[PDB]
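Have a look at protein-v4.txt below; it lists compact mmCIF, C-alpha atoms and all ligand atoms.
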# COMPACT_ATOMS: atom_id res chain seq x y z
CA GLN B 106 136.40 72.02 139.72
CA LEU B 107 138.07 73.94 142.58
CA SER B 108 135.15 76.38 142.82
CA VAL B 109 132.63 73.52 143.00
CA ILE B 110 134.60 71.93 145.91
CA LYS B 111 134.83 75.30 147.66
CA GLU B 112 131.05 75.77 147.33
CA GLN B 113 130.50 72.21 148.57
CA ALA B 114 132.87 72.68 151.55
CA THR B 115 131.04 75.89 152.42
CA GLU B 116 127.76 73.95 152.48
CA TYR B 117 129.30 71.37 154.83
CA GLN B 118 130.79 74.05 157.04
CA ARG B 119 127.30 75.46 157.51
CA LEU B 120 125.94 71.96 158.32
CA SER B 121 128.80 71.39 160.80
CA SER B 122 128.02 74.76 162.42
CA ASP B 123 124.28 73.86 162.58
CA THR B 124 125.03 70.47 164.16
CA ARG B 125 127.00 72.37 166.80
CA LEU B 126 123.89 74.46 167.71
CA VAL B 127 121.85 71.28 168.04
CA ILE B 128 124.53 70.00 170.43
CA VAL B 129 124.44 73.26 172.43
CA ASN B 130 120.73 72.68 172.97
CA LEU B 131 121.47 69.03 173.98
CA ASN B 132 124.12 70.23 176.48
CA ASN B 133 121.67 72.71 178.06
CA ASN B 134 118.94 70.03 178.32
CA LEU B 135 121.46 67.68 180.05
CA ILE B 136 122.77 70.48 182.27
CA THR B 137 119.16 71.30 183.28
CA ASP B 138 118.40 67.67 184.08
CA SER B 139 121.66 67.22 186.00
CA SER B 140 120.85 70.39 187.97
CA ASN B 141 117.21 69.47 188.75
CA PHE B 142 118.46 66.14 190.03
CA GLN B 143 121.15 67.68 192.29
CA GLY B 144 118.32 69.85 193.64
CA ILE B 145 116.13 66.85 194.41
CA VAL B 146 118.89 65.16 196.36
CA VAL B 147 119.66 68.30 198.31
CA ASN B 148 115.99 68.86 199.26
CA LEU B 149 115.61 65.20 200.33
CA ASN B 150 118.79 65.34 202.34
CA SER B 151 117.51 68.42 204.22
CA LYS B 152 114.18 66.68 205.01
CA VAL B 153 116.09 63.68 206.40
CA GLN B 154 118.52 65.85 208.39
CA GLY B 155 115.37 67.36 209.94
CA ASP B 156 113.65 64.05 210.67
CA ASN B 157 116.86 62.72 212.30
CA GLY B 158 116.84 65.68 214.83
CA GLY O 264 118.17 57.01 192.96
CA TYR O 265 118.40 60.68 192.00
CA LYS O 266 122.10 60.82 193.12
CA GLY O 267 122.76 58.09 190.58
CA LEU O 268 120.74 59.76 187.86
CA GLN O 269 122.59 63.02 188.63
CA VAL O 270 125.89 61.24 187.98
CA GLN O 271 124.62 59.74 184.72
CA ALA O 272 123.50 63.22 183.62
CA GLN O 273 126.81 64.83 184.61
CA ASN O 274 128.62 62.16 182.54
CA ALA O 275 126.26 62.95 179.67
CA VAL O 276 127.17 66.66 179.89
CA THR O 277 130.83 65.80 179.60
CA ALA O 278 130.09 63.60 176.60
CA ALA O 279 127.97 66.30 174.91
CA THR O 280 130.68 68.91 175.58
CA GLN O 281 133.23 66.59 173.93
CA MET O 282 130.86 66.35 170.95
CA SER O 283 130.69 70.18 170.76
CA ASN O 284 134.46 70.46 170.72
CA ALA O 285 134.70 67.78 168.01
CA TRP O 286 132.26 69.65 165.74
CA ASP O 287 134.06 72.96 166.46
CA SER O 288 137.30 71.45 165.12
CA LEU O 289 135.45 70.23 161.99
CA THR O 290 133.88 73.66 161.34
CA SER O 291 137.16 75.55 161.90
CA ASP O 292 139.06 73.03 159.73
CA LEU O 293 136.45 73.36 156.92
CA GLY O 294 136.89 77.16 157.24
CA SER O 295 140.65 76.78 156.71
CA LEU O 296 139.93 74.68 153.61
CA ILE O 297 137.51 77.33 152.25
CA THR O 298 140.11 80.08 152.81
CA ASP O 299 142.94 78.03 151.23
CA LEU O 300 140.74 77.30 148.14
CA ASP O 301 139.50 80.89 147.76
CA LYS O 302 143.04 82.35 148.07
CA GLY O 303 144.29 79.73 145.58
CA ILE O 304 141.61 80.52 143.00
CA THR O 305 142.55 84.26 142.94
CA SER O 306 146.36 83.99 143.12
CA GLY O 307 149.64 83.88 141.01
CA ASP O 308 151.13 80.73 139.46
CA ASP O 309 153.31 79.48 142.37
CA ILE O 310 151.18 81.29 145.08
CA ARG O 311 148.22 79.31 143.71
CA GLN O 312 150.14 76.10 144.22
CA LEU O 313 151.04 77.12 147.80
CA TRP O 314 147.40 77.65 148.80
CA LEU O 315 146.15 74.54 147.01
CA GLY D 264 131.69 79.09 192.63
CA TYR D 265 131.99 82.66 191.35
CA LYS D 266 135.42 83.07 192.99
CA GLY D 267 136.53 79.90 191.24
CA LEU D 268 135.15 80.93 187.87
CA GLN D 269 136.96 84.26 188.32
CA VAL D 270 140.21 82.33 188.79
CA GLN D 271 139.48 80.15 185.72
CA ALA D 272 138.96 83.34 183.68
CA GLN D 273 142.16 84.94 185.02
CA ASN D 274 144.05 81.75 184.04
CA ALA D 275 142.40 81.96 180.61
CA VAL D 276 143.67 85.53 180.17
CA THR D 277 147.18 84.39 180.90
CA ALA D 278 146.83 81.53 178.44
CA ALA D 279 145.40 83.78 175.70
CA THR D 280 148.15 86.35 176.30
CA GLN D 281 150.77 83.61 175.91
CA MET D 282 149.12 82.58 172.64
CA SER D 283 149.22 86.17 171.30
CA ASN D 284 152.91 86.49 172.20
CA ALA D 285 153.61 83.14 170.47
CA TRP D 286 152.01 84.40 167.25
CA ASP D 287 153.85 87.74 167.62
CA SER D 288 157.17 85.85 167.74
CA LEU D 289 156.21 83.94 164.57
CA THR D 290 155.27 87.15 162.71
CA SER D 291 158.37 89.05 163.91
CA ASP D 292 160.60 86.03 163.10
CA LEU D 293 159.08 85.80 159.56
CA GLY D 294 159.78 89.56 159.24
CA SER D 295 163.44 88.98 160.19
CA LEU D 296 163.61 86.25 157.56
CA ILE D 297 162.16 88.59 154.88
CA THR D 298 164.70 91.30 155.85
CA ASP D 299 167.65 88.82 155.92
CA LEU D 300 166.67 87.54 152.42
CA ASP D 301 166.19 91.05 150.99
CA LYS D 302 169.56 92.26 152.45
CA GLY D 303 171.19 89.09 151.03
CA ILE D 304 172.25 87.67 154.40
CA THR D 305 170.41 84.37 153.62
CA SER D 306 169.08 82.69 150.43
CA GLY D 307 165.99 80.48 149.54
CA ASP D 308 168.48 77.63 149.16
CA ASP D 309 169.53 77.68 152.85
CA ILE D 310 166.05 78.91 154.10
CA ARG D 311 164.64 75.84 152.33
CA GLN D 312 166.97 73.62 154.32
CA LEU D 313 165.91 75.36 157.57
CA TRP D 314 162.20 74.68 156.91
CA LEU D 315 162.72 71.10 155.75
CA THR H 2 162.98 79.14 163.57
CA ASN H 3 163.26 76.12 165.93
CA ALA H 4 162.61 78.15 169.18
CA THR H 5 159.66 80.04 167.63
CA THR H 6 158.05 76.75 166.47
CA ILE H 7 158.31 75.39 170.06
CA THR H 8 156.84 78.66 171.52
CA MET H 9 153.85 78.21 169.20
CA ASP H 10 153.61 74.59 170.33
CA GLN H 11 153.81 75.31 174.05
CA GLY H 12 151.54 78.32 173.64
CA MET H 13 148.86 76.12 172.04
CA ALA H 14 149.20 73.37 174.62
CA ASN H 15 149.02 75.71 177.65
CA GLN H 16 145.95 77.35 176.05
CA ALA H 17 144.15 74.04 175.38
CA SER H 18 144.79 72.44 178.81
CA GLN H 19 143.67 75.74 180.37
CA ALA H 20 140.59 75.70 178.14
CA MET H 21 139.54 72.25 179.36
CA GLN H 22 139.78 73.46 182.96
CA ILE H 23 137.56 76.50 182.42
CA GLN H 24 135.25 74.44 180.18
CA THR H 25 134.73 72.01 183.03
CA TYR H 26 134.23 74.77 185.59
CA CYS H 27 131.63 76.42 183.30
CA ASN H 28 129.66 73.15 182.83
CA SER H 29 129.94 72.75 186.57
CA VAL H 30 128.70 76.34 187.29
CA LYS H 31 125.73 75.92 184.91
CA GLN H 32 124.63 72.86 186.95
CA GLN H 33 124.38 74.85 190.25
CA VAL H 34 121.13 75.02 192.17
CA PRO H 35 119.20 78.16 193.18
CA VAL H 36 118.23 78.91 196.77
CA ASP H 37 114.67 78.83 198.13
CA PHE H 38 114.00 80.85 201.29
CA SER H 39 110.24 80.84 200.68
CA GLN H 40 109.68 79.61 204.26
CA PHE H 41 111.43 82.78 205.59
CA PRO H 42 109.66 86.05 204.64
CA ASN H 43 112.53 87.98 206.20
CA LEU H 44 114.91 86.50 203.46
CA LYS H 45 112.70 86.98 200.35
CA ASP H 46 115.06 89.74 199.15
CA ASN H 47 118.23 87.72 199.75
CA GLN H 48 116.74 84.97 197.61
CA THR H 49 116.04 87.13 194.53
CA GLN H 50 119.51 88.69 194.96
CA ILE H 51 121.32 85.33 195.18
CA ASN H 52 119.38 83.73 192.31
CA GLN H 53 119.98 86.78 190.05
CA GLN V 16 153.81 56.21 183.69
CA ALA V 17 153.73 59.99 182.94
CA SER V 18 156.88 61.76 181.63
CA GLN V 19 158.81 63.97 184.10
CA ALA V 20 157.57 67.08 182.29
CA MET V 21 153.97 65.81 182.34
CA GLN V 22 154.19 65.45 186.13
CA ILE V 23 155.46 69.01 186.68
CA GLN V 24 152.98 70.24 184.10
CA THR V 25 150.13 68.62 186.01
CA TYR V 26 151.25 70.08 189.31
CA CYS V 27 151.50 73.54 187.71
CA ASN V 28 148.04 73.39 186.11
CA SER V 29 146.67 72.08 189.36
CA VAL V 30 148.18 74.81 191.53
CA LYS V 31 147.09 77.61 189.16
CA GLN V 32 143.47 76.52 189.46
CA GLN V 33 143.31 76.99 193.26
CA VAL V 34 141.33 79.84 194.77
CA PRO V 35 142.67 82.00 197.63
CA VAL V 36 140.94 81.50 200.96
CA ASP V 37 138.92 83.90 203.11
CA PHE V 38 138.77 82.96 206.77
CA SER V 39 137.51 86.42 207.80
CA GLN V 40 134.65 84.66 209.65
CA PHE V 41 137.26 82.87 211.87
CA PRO V 42 139.55 85.25 213.82
CA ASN V 43 141.46 82.20 215.03
CA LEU V 44 142.59 81.53 211.35
CA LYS V 45 143.62 85.10 210.30
CA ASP V 46 147.29 83.98 210.24
CA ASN V 47 146.59 80.77 208.32
CA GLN V 48 144.87 82.89 205.67
CA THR V 49 147.80 85.27 205.04
CA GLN V 50 150.13 82.23 205.04
CA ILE V 51 148.04 80.22 202.56
CA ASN V 52 147.38 83.13 200.20
CA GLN V 53 151.02 84.26 200.16
CA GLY V 54 152.13 80.69 199.63
CA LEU V 55 149.62 80.18 196.86
CA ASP V 56 150.41 83.43 195.08
CA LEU V 57 154.08 82.52 194.95
CA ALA V 58 153.36 78.98 193.75
CA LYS V 59 151.24 80.28 190.87
CA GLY V 60 154.13 82.51 189.94
CA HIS V 61 156.43 79.49 189.82
CA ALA V 62 153.86 77.51 187.84
CA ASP V 63 153.48 80.18 185.16
CA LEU V 64 157.26 80.48 184.84
CA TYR V 65 157.51 76.73 184.27
CA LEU V 66 154.61 76.54 181.80
CA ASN V 67 155.55 79.47 179.54
CA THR V 68 159.34 79.91 180.04
CA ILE V 69 161.17 76.88 181.43
CA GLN V 70 159.41 73.88 179.79
CA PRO V 71 159.63 75.53 176.32
CA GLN V 72 163.26 76.49 176.92
CA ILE V 73 164.09 72.86 177.76
CA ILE V 74 162.25 71.54 174.72
CA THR V 75 163.99 74.12 172.53
CA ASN V 76 167.53 73.45 173.70
CA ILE V 77 167.12 69.76 173.32
CA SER V 78 165.62 70.12 169.81
CA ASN V 79 168.68 72.10 168.67
CA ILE V 80 171.05 69.51 170.17
CA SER V 81 168.93 66.67 168.89
CA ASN V 82 169.03 68.01 165.30
CA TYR V 83 172.71 68.81 165.12
CA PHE V 84 173.89 65.39 166.34
CA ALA V 85 171.17 63.67 164.25
CA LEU V 86 173.12 64.98 161.21
CA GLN V 87 176.62 64.55 162.75
CA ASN V 88 175.73 61.11 164.19
CA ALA V 89 179.44 60.04 163.85
CA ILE V 90 183.13 61.20 163.93
CA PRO V 91 185.47 60.44 160.95
CA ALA V 92 188.43 58.68 162.66
CA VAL V 93 190.31 58.04 159.41
CA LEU V 94 190.84 60.47 156.54
CA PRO V 95 187.52 60.33 154.63
CA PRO V 96 187.66 59.49 150.89
CA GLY V 97 189.17 62.47 148.94
CA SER V 98 190.16 65.23 151.41
CA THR V 99 193.40 67.04 152.29
CA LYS V 100 194.43 66.32 155.87
CA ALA V 101 194.01 70.13 156.05
CA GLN V 102 190.23 69.94 155.21
CA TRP V 103 189.63 67.00 157.58
CA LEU V 104 191.19 68.95 160.50
CA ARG V 105 188.88 71.93 159.70
CL CL B 401 120.63 70.02 160.79
CL CL B 402 113.42 66.75 196.51
CL CL B 403 166.43 77.76 167.97
CL CL B 404 112.06 84.80 208.38
CL CL B 405 114.13 84.10 193.18
NA NA B 406 154.72 92.03 164.49
NA NA B 407 154.65 78.84 197.70

Can the structure in the file be given as structure tokens, please?
Ligand SMILES: [Cl-]
Ligand SMILES: [Cl-]
Ligand SMILES: [Cl-]
Ligand SMILES: [Cl-]
Ligand SMILES: [Cl-]
Ligand code: NA
Ligand code: NA
Amino acid sequence: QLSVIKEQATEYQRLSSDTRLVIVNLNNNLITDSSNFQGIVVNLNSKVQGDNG
Amino acid sequence: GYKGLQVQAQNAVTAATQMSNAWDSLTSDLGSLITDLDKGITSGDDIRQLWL
Amino acid sequence: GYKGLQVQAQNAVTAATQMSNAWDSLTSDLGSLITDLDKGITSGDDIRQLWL
Amino acid sequence: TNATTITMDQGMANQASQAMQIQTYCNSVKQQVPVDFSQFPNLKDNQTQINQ
Amino acid sequence: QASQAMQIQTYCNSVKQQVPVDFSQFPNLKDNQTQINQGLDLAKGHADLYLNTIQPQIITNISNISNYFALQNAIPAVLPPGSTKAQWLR
């Protein structure tokens, strides 16, 4: 009964660990999007700075 | 528009990072449980009780 | 950004070092307790009260 | 003992607050934007250096 | 709303995170640089001392006091049931 719980817990630990990798991927996707957006704003700002001169 | 989206995304990063940390605690805590069980299954009469 | 990250890392070293030293005190202090019990300076009756 | 317990406590806390700071800085660093000097042939090398 | 210790803790964490400055591109600020960086370096020293030596020390000393008087939460003013006056004085 203890060994079956230990096996079971080990299965769940692996699932937990796997979920974490999925989340890593999510974080990188979000970080990429956030970054691309910052870039857009920066490039627009520089075009407007130019047009104002 | 993009400034606003940028903020939403940045907030999303924070949220995702918090999710990571939450799952890390679960994994580590399951690890502790696995250790405690394993060391209790292969131990003396009162040492067994300690680990369990 | 790099300069700042460098600082964050340096701060992290300090923090990690403090954690190691905290664990070292626990280990050393448990050692003292083992010695004190073995030498008969303390007993499991009064050590029990300490922990509770 | 009492003081050792507190050292463990404080050690943990200092390490976790510190961790959030570097965590944030790392998420913040990963969000940074490359440079583009493509309109300046004389800076082509500085670009590949900076972005690497 | 934050405890006294939380306020000092915040200041400490905040100061430790600063980055030293480099005004080498501004000769007019050479002195401000050495002032800022010396000031900062010292402050980080103080911060570390608080975070890993003083705050714990305070929490420790108070725990010890707190426990002892938790147990001895009162003083027997009369002679407690069944004791020599000799034992009571000890
Ligand atoms: Cl999955
Ligand atoms: Cl753009
Ligand atoms: Cl103590
Ligand atoms: Cl050029
Ligand atoms: Cl490039
Ligand atoms: Na040791
Ligand atoms: Na200072």

Gap from atom CA of residue 270 of chain O to atom CA of residue 267 of chain D - Å, one decimal: 21.7 Å

Residues of chain O within 10 Å of chain H, counting only C-alpha atoms, as a list in words: residues 273, 276, 277 and 280 of chain O

Quick one: chain D onto chain O, least squares on all Cα paired in order, result as a PDB file with C-alpha atoms, keeping the file's coordinate frame?
ATOM      1  CA  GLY D 264     123.224  54.754 191.257  1.00  0.00           C
ATOM      2  CA  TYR D 265     120.987  57.521 189.913  1.00  0.00           C
ATOM      3  CA  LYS D 266     123.367  60.218 191.211  1.00  0.00           C
ATOM      4  CA  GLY D 267     126.192  58.463 189.399  1.00  0.00           C
ATOM      5  CA  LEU D 268     124.264  58.072 186.166  1.00  0.00           C
ATOM      6  CA  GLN D 269     123.419  61.786 186.401  1.00  0.00           C
ATOM      7  CA  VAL D 270     127.150  62.534 186.579  1.00  0.00           C
ATOM      8  CA  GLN D 271     127.864  60.202 183.619  1.00  0.00           C
ATOM      9  CA  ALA D 272     125.221  62.088 181.601  1.00  0.00           C
ATOM     10  CA  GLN D 273     126.619  65.498 182.609  1.00  0.00           C
ATOM     11  CA  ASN D 274     130.085  64.300 181.489  1.00  0.00           C
ATOM     12  CA  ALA D 275     128.500  63.115 178.231  1.00  0.00           C
ATOM     13  CA  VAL D 276     127.037  66.586 177.630  1.00  0.00           C
ATOM     14  CA  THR D 277     130.451  68.114 178.032  1.00  0.00           C
ATOM     15  CA  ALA D 278     131.939  65.571 175.651  1.00  0.00           C
ATOM     16  CA  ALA D 279     129.202  66.103 173.035  1.00  0.00           C
ATOM     17  CA  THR D 280     129.571  69.884 173.338  1.00  0.00           C
ATOM     18  CA  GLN D 281     133.319  69.548 172.730  1.00  0.00           C
ATOM     19  CA  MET D 282     132.570  67.450 169.646  1.00  0.00           C
ATOM     20  CA  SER D 283     130.166  70.095 168.261  1.00  0.00           C
ATOM     21  CA  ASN D 284     132.752  72.844 168.798  1.00  0.00           C
ATOM     22  CA  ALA D 285     135.394  70.684 167.048  1.00  0.00           C
ATOM     23  CA  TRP D 286     133.159  70.330 163.982  1.00  0.00           C
ATOM     24  CA  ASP D 287     132.325  74.066 164.135  1.00  0.00           C
ATOM     25  CA  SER D 288     136.058  74.864 163.957  1.00  0.00           C
ATOM     26  CA  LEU D 289     136.415  72.574 160.916  1.00  0.00           C
ATOM     27  CA  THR D 290     133.459  74.210 159.118  1.00  0.00           C
ATOM     28  CA  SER D 291     134.573  77.767 159.993  1.00  0.00           C
ATOM     29  CA  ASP D 292     138.190  76.934 159.007  1.00  0.00           C
ATOM     30  CA  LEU D 293     136.987  75.498 155.633  1.00  0.00           C
ATOM     31  CA  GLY D 294     134.982  78.742 155.203  1.00  0.00           C
ATOM     32  CA  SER D 295     138.148  80.803 155.804  1.00  0.00           C
ATOM     33  CA  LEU D 296     139.925  78.689 153.202  1.00  0.00           C
ATOM     34  CA  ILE D 297     137.117  79.279 150.646  1.00  0.00           C
ATOM     35  CA  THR D 298     137.261  83.052 151.336  1.00  0.00           C
ATOM     36  CA  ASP D 299     141.110  83.162 151.151  1.00  0.00           C
ATOM     37  CA  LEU D 300     141.010  81.304 147.777  1.00  0.00           C
ATOM     38  CA  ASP D 301     138.224  83.500 146.359  1.00  0.00           C
ATOM     39  CA  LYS D 302     140.015  86.740 147.474  1.00  0.00           C
ATOM     40  CA  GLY D 303     143.247  85.353 145.941  1.00  0.00           C
ATOM     41  CA  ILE D 304     145.196  85.241 149.210  1.00  0.00           C
ATOM     42  CA  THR D 305     145.978  81.505 148.648  1.00  0.00           C
ATOM     43  CA  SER D 306     145.905  79.140 145.621  1.00  0.00           C
ATOM     44  CA  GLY D 307     145.025  75.381 145.057  1.00  0.00           C
ATOM     45  CA  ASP D 308     148.749  74.877 144.473  1.00  0.00           C
ATOM     46  CA  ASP D 309     149.732  75.878 148.044  1.00  0.00           C
ATOM     47  CA  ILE D 310     146.407  74.581 149.608  1.00  0.00           C
ATOM     48  CA  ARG D 311     147.292  71.229 148.018  1.00  0.00           C
ATOM     49  CA  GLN D 312     150.629  71.262 149.800  1.00  0.00           C
ATOM     50  CA  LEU D 313     148.890  72.093 153.116  1.00  0.00           C
ATOM     51  CA  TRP D 314     146.545  69.081 152.824  1.00  0.00           C
ATOM     52  CA  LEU D 315     149.242  66.672 151.661  1.00  0.00           C
TER      53      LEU D 315
END

Which residue of V:97, V:91, V:42, V:71 approaches chain H most closely, using only C-alpha atoms: V:71

Nearest to chain D by atom-to-atom distance, counting only C-alpha atoms, from V:16, V:49, V:102, V:32: V:32

Env. residues ligand NA 407 (chain B) / 8 Å / all atoms listed in the file / as a VMD selection string: chain V and resid 53 to 59

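A distance search around ligand CL 402 (chain B) (6 Å at most, all atoms listed in the file) returns the following protein and nucleic acid residues: residues 145, 146, 148 and 149 of chain B.
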
At most 9 Å from ligand CL 404 (chain B) (all atoms listed in the file): residue list as a PyMOL selection string: chain H and resi 38-45

For ligand NA 406 (chain B), collect every residue having any atom at a distance of at most 12 Å from a ligand atom (counting all atoms listed in the file); output as an mmCIF file with C-alpha atoms, in the coordinates of the input.
data_model
loop_
_atom_site.group_PDB
_atom_site.id
_atom_site.type_symbol
_atom_site.label_atom_id
_atom_site.label_comp_id
_atom_site.auth_asym_id
_atom_site.auth_seq_id
_atom_site.Cartn_x
_atom_site.Cartn_y
_atom_site.Cartn_z
ATOM 1 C CA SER D 283 149.220 86.170 171.300
ATOM 2 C CA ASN D 284 152.910 86.490 172.200
ATOM 3 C CA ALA D 285 153.610 83.140 170.470
ATOM 4 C CA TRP D 286 152.010 84.400 167.250
ATOM 5 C CA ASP D 287 153.850 87.740 167.620
ATOM 6 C CA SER D 288 157.170 85.850 167.740
ATOM 7 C CA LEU D 289 156.210 83.940 164.570
ATOM 8 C CA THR D 290 155.270 87.150 162.710
ATOM 9 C CA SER D 291 158.370 89.050 163.910
ATOM 10 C CA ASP D 292 160.600 86.030 163.100
ATOM 11 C CA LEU D 293 159.080 85.800 159.560
ATOM 12 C CA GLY D 294 159.780 89.560 159.240
ATOM 13 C CA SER D 295 163.440 88.980 160.190
#

Selection: 8 Å around residue 142 of chain B, all atoms listed in the file, excl. self and same-chain fewer than 3 positions, as a list in words: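 Those residues are residues 138, 139, 145 and 146 of chain B; 265, 266, 268 and 269 of chain O.
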
Residue list as a list in words for point (167.0, 70.1, 160.0), cut-off 12 Å, all atoms listed in the file: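 Applying the cut-off with all atoms listed in the file, one gets residues 309, 310, 311, 312, 313, 314 and 315 of chain D; 2 and 3 of chain H; 78, 79, 80, 81, 82, 83, 84, 85, 86 and 87 of chain V.
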
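Of the listed residues O:279, O:305, O:264, O:274, the one whose atoms come nearest to chain B is O:279, with distances taken using all atoms listed in the file.
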